[PDB]
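Read the single chain below, which is given as structure tokens and is the form deposited in one PDB entry.
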């Protein structure tokens, strides 16, 4: 998925996606640098993983907030763009094709935003699955359900509504 994500990210938006590869690095580091109980003790091992989990879920929260923020900003930009294009159509009519092209480009922008939603959800799902495999826990799955699956970027259906509305113009 690291390769897929890189391949399908929208370039101008790169920093706004879940930092999937960085999370993989974090998890591989956690595994590599883990103390052994035989060389240390149970206290030391449990402290190590508790500290790692704190850092991991803080990073998940920061990434989730980033994604919600960017999605919200891009949705607001899309709502304003639709209003502009609709106002042009009602004032001056279809014209000779420039407005059809503008609506086509706007529709593309909506589909890119919908793909941003899906790709970031899949990235969170896959990184929390990898976390749970490596640490032999279900804490990541629970976090997905309790935090990602209720997150505004994921639940929002306003883009869906704009897509439907845009289709009923370009009809």
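Only residues modelled in both forms are compared. Residue numbers count along the first chain shown, from 1. Definition used throughout: the rigid core is the maximal C-alpha set that superposes within 1.5 Å between two forms.
A second form of this protein, the form deposited in another entry, is not displayed here; the remarks below concern that form.
**Q** For residue 161, decide whether the Cα shift between the shown form and the other one is 2 Å or greater, given a superposition on the rigid core.
**A** Yes, residue 161 moves 2 Å or more.
**Q** Pin down for me whether the residue 107-residue 157 Cα distance shrinks or grows in that other deposited form relative to this form (closer or farther, change of 3 Å or more).
**A** Farther is correct, given that in that other deposited form the C-alpha spacing of residue 107 to residue 157 is increased by at least 3 Å.
**Q** Comparing against this form, do residue 165 and residue 151 have their CA atoms pulled together or pushed apart in that other deposited form? The difference is 3 Å or more.
**A** Note: Cα gap between residue 165 and residue 151 shrinks in that other deposited form.
**Q** If you overlay the rigid core, what runs of at least 3 residues show Cα shifts of 2 angstroms or more between the shown form and the other one?
**A** Shifted run of three or more residues, which all move 2 Å or more: only 156-171.
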